[PDB]
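Residues per chain, in single letters:
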Amino acid sequence: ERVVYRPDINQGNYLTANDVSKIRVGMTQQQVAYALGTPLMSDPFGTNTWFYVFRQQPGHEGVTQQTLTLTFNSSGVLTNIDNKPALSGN
Amino acid sequence: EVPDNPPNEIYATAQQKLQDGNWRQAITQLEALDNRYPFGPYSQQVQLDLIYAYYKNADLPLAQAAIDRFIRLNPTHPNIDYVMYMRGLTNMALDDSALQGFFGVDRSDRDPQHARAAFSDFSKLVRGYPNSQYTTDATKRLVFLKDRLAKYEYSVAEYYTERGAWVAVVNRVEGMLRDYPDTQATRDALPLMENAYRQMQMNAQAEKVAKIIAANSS
Amino acid sequence: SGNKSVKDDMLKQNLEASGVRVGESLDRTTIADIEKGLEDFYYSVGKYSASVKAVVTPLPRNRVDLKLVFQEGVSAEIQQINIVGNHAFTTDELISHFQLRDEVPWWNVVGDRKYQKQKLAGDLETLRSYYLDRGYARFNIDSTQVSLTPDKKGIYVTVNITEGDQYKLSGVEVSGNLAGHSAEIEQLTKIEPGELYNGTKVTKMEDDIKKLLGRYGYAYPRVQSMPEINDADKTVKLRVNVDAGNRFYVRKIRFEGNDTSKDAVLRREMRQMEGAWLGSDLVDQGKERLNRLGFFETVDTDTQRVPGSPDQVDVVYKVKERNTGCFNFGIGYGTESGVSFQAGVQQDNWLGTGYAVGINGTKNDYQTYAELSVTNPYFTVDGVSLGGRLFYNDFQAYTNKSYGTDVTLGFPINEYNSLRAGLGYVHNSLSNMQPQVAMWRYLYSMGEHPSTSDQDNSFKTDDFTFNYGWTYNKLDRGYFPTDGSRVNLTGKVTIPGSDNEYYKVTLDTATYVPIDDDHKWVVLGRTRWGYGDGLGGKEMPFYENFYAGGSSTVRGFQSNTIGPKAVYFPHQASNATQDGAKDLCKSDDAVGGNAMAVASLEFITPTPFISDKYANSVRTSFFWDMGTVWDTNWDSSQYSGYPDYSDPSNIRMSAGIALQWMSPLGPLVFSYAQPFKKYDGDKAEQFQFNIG
Amino acid sequence: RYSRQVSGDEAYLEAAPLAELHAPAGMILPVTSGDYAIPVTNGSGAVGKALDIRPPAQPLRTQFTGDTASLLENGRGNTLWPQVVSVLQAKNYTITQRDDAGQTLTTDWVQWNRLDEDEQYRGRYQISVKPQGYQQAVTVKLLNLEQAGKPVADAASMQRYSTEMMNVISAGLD
């Protein structure tokens, strides 16, 4: 019963390989933002963590996620960098 | 039509027709004498009567026009709290259809632009004039408006859960938390947030929101 | 009094400004100044030989009323528009394409020579485009001259120009910050050399370049085009500098105006997803989906940039709700049929829940009818639709008692395309059937072998059937459509276990094409085809036969009055009574066949007396209709003298005018036409009127 | 009644109270905008249909400071008290228990206000003692307990009405 058409679904910040290539520790919030644009979400609980998630769900043929996480210091200086090309397991 | 009569008897008949309850000819004579003598000492009381008349007959756009005019001409009238309260009341009651309340469907996800403006007006009243005759009613109505806005926000977030756009639902529940961290809607919507974080396997914050939910379970 | 061409309220505001507010001492000294000021006020409109007089009427309590008598004598008139200096185009060929006119045909009254200061700039822009679009690149205005004759009736206009030369394009050197889209953009900017330079071609080129850039999310880029003219070779190169901005993201999309339809309903039809990179075309797809939904008077979009960031943008849809489906309740009392009862509703978007619910019924002495229907269009998120209905009827006057149930499930595939499939049961029963060759032969085809001597006839059937359907619509507005196509096919097939056995396929199509750029004159083409045939051995029952004429099929004829006419048998028991006839007589009634084909072509033209502001509630058309219907279960050699009813030749025709008005009671439809062609007994109701 | 009350809708009274969200240990709650923030005020306000939605009566020397009705610059201020007596003997046809003239102190009796609007008769007594404040011979009215329907109700709104009856009439004739 997967015959019904489904509109393409997108939920990302459009991470491009060049843009993730420009990443290098030691920038400030403004510098990294100019590199990538404003993140569409950040951790609101206790810490300033920037999440750049790049999702794509075309048709009935699975999903595609490029995940990137950045943690800075209380003075807004880049401290830790993380990236996942795919989604753990399924 | 209406003869040019002294303001005495025209205002007297205004008062007694208004006391009668007939409102068509009441507003008619009020607007007539308002146009005719926009200098008399009646003007303050004339306009304060006319705003009540427009409200009672449900001519709300004209009531809003007249109430803006009144606020403009004397911004510091000694008894402006009443007219501000009427502003809020008209603005809120303009958000009713009188048919979806017959059938019992709750209008908590329709266009919430009049609710917001009514909230702003009531909040302004309670800020400026916390010692007037319209405090407790304003507080009750304002609580009602806050809950209605929360309900609408939860409605949008819930739909985006059904669709499966988890960034959007994350942002919406975050806005809930920042703006209405006091209502029941956010308490119900936190599970949607945890589901969202678990969906993109950003579970590291999923356990955080899990504690958020669990702490105030009771 | 006396202000024929202007409004009283503006004059009231003018006197308000001049310190002549009502409720002030009447300054008799200033009267001449007041009059002269109003003269200067008519100086703007174009009435120069005007005179205003003041009348002072005392009132009790020592008051005053003012009579302002206005005399607007004669206003300015354009004598002739005189373009000077040109050796390529005649003056008339140029004046023909302005807005202001110097002369109008004597047999036609559609405009006047009322000079307006604003129209001059628009006309100069038009003239500049007219020269420059055909490669007169150097062309420019030397000056413009507006002159008044010292008569205040003649106006002269001259435009000093310079035809420059005839240049042609050479090549394109587009560049800038293309953000890795050089291939498609260079295909779009491509053009073969040797073709002459064109003006608006470059503007359209730039606009489409901006649109293509936006499709990938560069909402606010900067595009400029600069020509470089070689006079020696009569050539011109062009530099297209593009600067793509940052990629924009939709923070959230809001909805305004929906005070009765819940926000889910509007949001279900959105291709642009909140919290994702902006799609400059997906927002427009969502907007036209909202239009096509069918219960929004107007929908518009606004993408507001939020002040707090150079990227986040909020997309706001503003809509204007419209009425959709309405209640009725009619109890008609009389001598025949007594106090007949009738009521019901028929509305989609039930209380804003998005459903489609219709209940109706009537109580009559010899005819009781009831039908209930519900359909949820978005049962699942994707958009499958679940619908069902029940209907019951008994008609005694002919005796027919029946009731049917059906359920349908639909789903979308690709875009604009939907497929429906479902099941149905129908129980039917007929009693005391009048003599009629076709029904008798059908019943014999069933195997009852009834008696033509008397109308003591009983028949009963229970039928189960399957339903399929296919719809494709791309039409811009769900009501009063103005562009596109709309095709809807549906068929029913019997299944084993059913007393009858047949298959019926019906198809409808509406195609709108616009002519004027403003979508005001439209061409409509409507087609409808239908064929029903017995599956095997048995034949398709007469009581499901098609029809024509009426109001929806072919305007001009009465309801369902086109097709074969029935044949009665005259005998003792008919009342065709024994003391009223002896030989078989055709009956003037109409019973439809098993195949029909109709079409109609018409022109959609605005109506006067309604301002364009409210034009969206009235719609007038001139229509030309064609229709035909016939039967296949017919023989002619069996009936030499009785006319054939199986010939696809009697093609009925009609032509006339029709009007629609979405009144605050429903879609009211009126029409007047003449049947330029007719056959047999085709009694025509010239003027037709109905709702919905 | 449809005369002195809010529109018929009354479902907002049963509004669930707001339960502030506690912050679990190890993390905190995000920042609040404060645009939708509810303050705390004094109670004792008429709610529901009980609240009197009727435009206030502006007096038309027109003192409107609650019970303060001390209207005062005419040098013939003494004769205004018999001029007020004209209002008593005629006009309202009311009388005063202890109506001093040299002291200019009149103890007008409780009246009976009834002008439509299903209004129970109101008995209002005023202290018509005429002062000489900041002007020539002033006149003052100082109200007291007012009976109306109940034994005595002295709501803030009604006090403005009761003083107005005399304020309209006394300014109307005198």
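I will try to describe carefully the structure that is included in this document. (Residues numbered from 1 in each chain as written, not as in the entry; some residues may be left out. Chains lettered and ligands numbered in written order. Part of a larger assembly, values for the part shown. Heavy atoms only, no water. Residues with missing side-chain atoms left out of burial classes, pairs and counts.)

With that out of the way, let us pick up the overall build of chain B. When you go through chain B residue by residue, the secondary structure sums to 10 helices and 0 strands. Listing every helix and strand of chain B by position from the N terminus yields α-α-α-α-α-α-α-α-α-α. Projected onto its principal axes, the C-alpha positions of chain B cover 80 × 35 × 25 Å. Residue burial in chain B is summarised as follows: out of 218 residues, 53% are buried. Counting only contacts in chain B whose residues sit at least 6 apart along the sequence, the fraction spanning at least 24 positions is 54%. (Helix = DSSP H or I, 4+ residues; strand = E, 2+ residues; numbered from the N terminus. Buried < 20%, exposed > 50% of the residue type's maximum accessible area, 1.4 Å probe, protein only. Contact = heavy atoms within 4.5 Å.)

A separate point is the interface of chain B and chain D. Counting from both sides, the interface comprises 48 residues of chain B and, opposite them, 50 residues of chain D. Among the secondary structure elements, those contributing two or more residues to the side of chain B that touches chain D are α1 (7–20), α3 (43–57), α5 (80–93), α6 (113–128), α7 (136–163), α8 (166–179) and α10 (203–215) of chain B. The element best represented in the side of chain B that touches chain D is α7 of chain B, accounting for 10 residues. Of the residues contributing to the side of chain B that touches chain D, the split by class is 24 nonpolar, 9 polar and 15 charged. (Nonpolar A, V, L, I, M, F, W, Y, C, P; charged D, E, K, R; others polar.)

With that out of the way, let us pick up the sheet that holds strand β4 (residues 140–148) of chain C. Residue and element names in this part refer to chain C. Overall, mixed pairing links the 3 strands, which are arranged β3-β5-β4 in an open sheet. The open sheet has two edge strands, β3 (77–84) and β4, and neither has a second partner. Neighbour-to-neighbour, the strand axes of the sheet open up by a mean angle of 15°, direction not taken into account. Strand direction decides the pairing type here: β3 and strand β5 (residues 154–162), joined by 7 bridges, are parallel. Its bridge partner lying in β5, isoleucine 81 is registered against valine 157. (Pairing = 2+ DSSP bridges. Axes fitted to C-alpha atoms, helices over the stretch in contact; angles between N-to-C directions.)

This brings us to the interface of chain A and chain C. Across the contact, 18 residues belong to chain A and 18 residues belong to chain C. Taken over both partners, the interface formed by chain A and chain C buries close to 1500 Å², and the fraction arising from carbon and sulfur atoms is 61%. If you sort the residues of chain A by the area they bury against chain C, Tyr5, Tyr14 and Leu40 of chain A come out on top, with a joint share of 36%. At the boundary of chain A and chain C, one finds 0 salt bridges. Viewed at the interface, chain C and chain A are joined by 6 residue pairs in polar contact. Secondary structure elements with two or more residues in the side of chain A that touches chain C: β1 (9–10) and β3 (49–57) of chain A. With 3 residues, the single largest contributor to the side of chain A that touches chain C is β3 of chain A. (Buried area = accessible area lost by both parts, 1.4 Å probe. Salt bridge = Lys/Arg side-chain N within 4 Å of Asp/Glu carboxyl O. Polar contact = N/O pair within 3.5 Å; in protein donor to acceptor, adjacent residues only side chain to side chain.)

Another aspect to go through is a nonpolar patch on the surface. Residues and elements named next belong to chain C. The grouping of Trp521, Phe603, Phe622, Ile657, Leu659, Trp661, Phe670, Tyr672, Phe687 and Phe689 at the surface amounts to a nonpolar patch, some 1100 Å² of accessible area in total. For the nonpolar patch, the element with the highest residue contribution is strand β28 (residues 652–663), accounting for 3 residues. Structurally, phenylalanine 687 can be placed in strand β30 (residues 687–690). (Patch = residues over 30% accessible without salt bridge, like charges linked within 9 Å, V, L, I, M, F, W, Y side chains within 5 Å. Areas by Shrake-Rupley, 256 points an atom, 1.4 Å probe, with all protein chains shown as cover.)

All names here are of chain A. As for its placement among the helices and strands, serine 42 is situated in strand β2 (residues 41–42). The exposure class assigned to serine 42 is partly exposed, which follows from its relative accessible area of 27%. Here the alpha-carbon distance between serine 42 and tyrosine 52, two residues 10 residues apart in the chain, equals 8.8 Å.

The next thing to look at is helix α6 (residues 199–215) of chain C. Residue and element names in this part refer to chain C. In a regular helix each residue adds 1.5 Å, so 17 residues correspond to 24 Å; α6 covers 25 Å between its end C-alpha atoms and thus fits that length. Three or more residues of α6 are buried, namely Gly199, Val202, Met205, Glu206, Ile209, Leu212, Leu213 and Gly214. Here the buried face of α6 lies against α4 (117–132), β6 (168–172), α5 (182–188), β8 (222–230) and β9 (235–243). One side-chain oxygen at the N-terminal end of α6 lies 3.2 Å from the backbone nitrogen of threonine 200; it belongs to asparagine 198. Positive phi shows up at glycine 217, right after α6, with a value of about 110°. (Expected span 1.5 Å × (residues − 1).)

Here we take up unusual backbone geometry. With phi around 70°, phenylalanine 609 of chain C is a residue other than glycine that occupies positive phi space. By secondary structure assignment, the location of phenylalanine 609 of chain C is in the loop between β26 (595–605) and β27 (618–630). Despite not being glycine, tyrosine 2 of chain D has its phi angle at roughly 40°, a positive value. Structurally, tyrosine 2 of chain D is set in the segment before α1 (77–89).

Worth remembering: the numbers are spatial, not functional.
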